[PDB]
Amino acid sequence: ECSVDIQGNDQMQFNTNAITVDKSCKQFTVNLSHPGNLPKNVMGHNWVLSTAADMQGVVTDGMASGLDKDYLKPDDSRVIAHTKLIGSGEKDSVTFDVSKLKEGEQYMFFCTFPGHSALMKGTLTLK
Ligand SMILES: [Ca+2]
Ligand SMILES: [Co+2]
């Protein structure tokens, strides 16, 4: 009911590569967890949503901000929603308003930990 459970592992994989948000949802939650034994400074994962157009600027601004800032640009207005950066055994959650989304506009989800975005991305669609 308006949520999705997603795992990021030690092989730089999310266990899903497309998310559908029911247009009847007013709020959507992602619950992210890290299986596998690698710590945050080495295999850090987050979930960040932007438009497809904005993803490259977010990833590259995020790398420039460092582990200090969970590899995101503070108050990045291109970020529709994001979790915390997590390592092995931690979990994190974000809810967001579906009013921030529109049908047929392209959203991506991705990890901004350095170089992770090449494998760790997928589509987010308002059905
Ligand atoms: Ca949270
Ligand atoms: Co990652």
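Of everything in region 76-127 that's within 16 Å of ligand 1 (Cβ to nearest atom) and among the acidic types (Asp, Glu), which residue is farthest from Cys25 (Cα to Cα)?
The extreme case among them is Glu90.
Okay, residues lined up against (1) of a type in the set (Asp, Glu); (2) over 17 Å from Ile6 (Cβ atoms); (3) assigned to a helix (DSSP H, G or I); (4) in contact (Cβ under 8 Å) with a residue 60 or more places away in the chain:
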| residue | (1), (2), (3), (4) |
| --- | --- |
| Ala64 | no, yes, yes, no |
| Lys73 | no, yes, no, no |
| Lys84 | no, no, no, no |
| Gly89 | no, no, no, no |
| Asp92 | yes, no, no, yes |
| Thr95 | no, no, no, yes |
| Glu105 | yes, yes, no, no |
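Consider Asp22 against the criteria (1) under 13 Å from the mean Cα position of the chain (by Cα); (2) surrounded by fewer than 16 Cβ atoms within 10 Å (Cβ to Cβ); (3) among the acidic types (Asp, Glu): it satisfies all of them except one. Which criterion is unmet?
(1)
If you check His34, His45, which single one turns out to be surrounded by 19 or more Cβ atoms within 10 Å (Cβ to Cβ) and under 11 Å from the mean Cα position of the chain (by Cα)?
Matching residue, one of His34, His45: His45.
Select from region 27-61 the residues that are within 11 Å of ligand 2 (Cβ to nearest atom), in contact with a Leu (Cβ under 9 Å, 6 or more places away or on another chain) and within 17 Å of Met108 (Cα to Cα) and list them in ascending order.
Correct list: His45, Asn46, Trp47, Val48.
Which members of region 102-127 meet the condition of being among the hydrophobic types (A, V, I, L, M, F, W, C) and more than 15 Å from the chain's Cα centre (by Cα)?
Of everything in region 102-127, just one residue is among the hydrophobic types (A, V, I, L, M, F, W, C) and more than 15 Å from the chain's Cα centre (by Cα), namely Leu126.
Report yes if some residue within region 4-18 is assigned to a strand (DSSP E or B), surrounded by fewer than 12 Cβ atoms within 10 Å (Cβ to Cβ) and within 14 Å of the chain's Cα centre (by Cα); otherwise report no. Reasoning before the result, please.
Taking region 4-18 as the starting set, the residues that turn out to be assigned to a strand (DSSP E or B) are 4-8, 14, 18.
From what's left, surrounded by fewer than 12 Cβ atoms within 10 Å (Cβ to Cβ): 18.
Filter once more, keeping what is within 14 Å of the chain's Cα centre (by Cα): 18.
There is at least one residue in region 4-18 that is assigned to a strand (DSSP E or B), surrounded by fewer than 12 Cβ atoms within 10 Å (Cβ to Cβ) and within 14 Å of the chain's Cα centre (by Cα).
With the requirement that a residue be within 16 Å of ligand 1 (Cβ to nearest atom) and aromatic (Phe, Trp, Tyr), what does region 1-50 give you?
Correct list: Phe28, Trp47.
For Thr123, indicate whether it is part of a strand (DSSP E or B), surrounded by fewer than 15 Cβ atoms within 10 Å (Cβ to Cβ) and more than 12 Å from ligand 2 (Cβ to nearest atom). Walk me through it before giving the result.
Numbers: part of a strand (DSSP E or B): yes; surrounded by fewer than 15 Cβ atoms within 10 Å (Cβ to Cβ): yes; more than 12 Å from ligand 2 (Cβ to nearest atom): yes.
Answer is yes for this residue.
How do the pairs read when you match residues in region 41-58 that are within 15 Å of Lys73 (Cβ to Cβ) and part of a helix (DSSP H, G or I) with residues anywhere that are hydrophobic (A, V, I, L, M, F, W, C) and away from ligand 2 (no atom under 14 Å from the Cβ), using Cβ under 8 Å and keeping only pairs 6 or more apart or on different chains?
Listed by first residue and then by second, the contacts come to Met55/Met108; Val58/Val79.
Values in this text are rule-based calculations from the coordinates and carry no lab data. In this analysis, Cβ positions are derived from the backbone assuming ideal geometry, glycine residues included, and neighbour counts consider all displayed protein chains.
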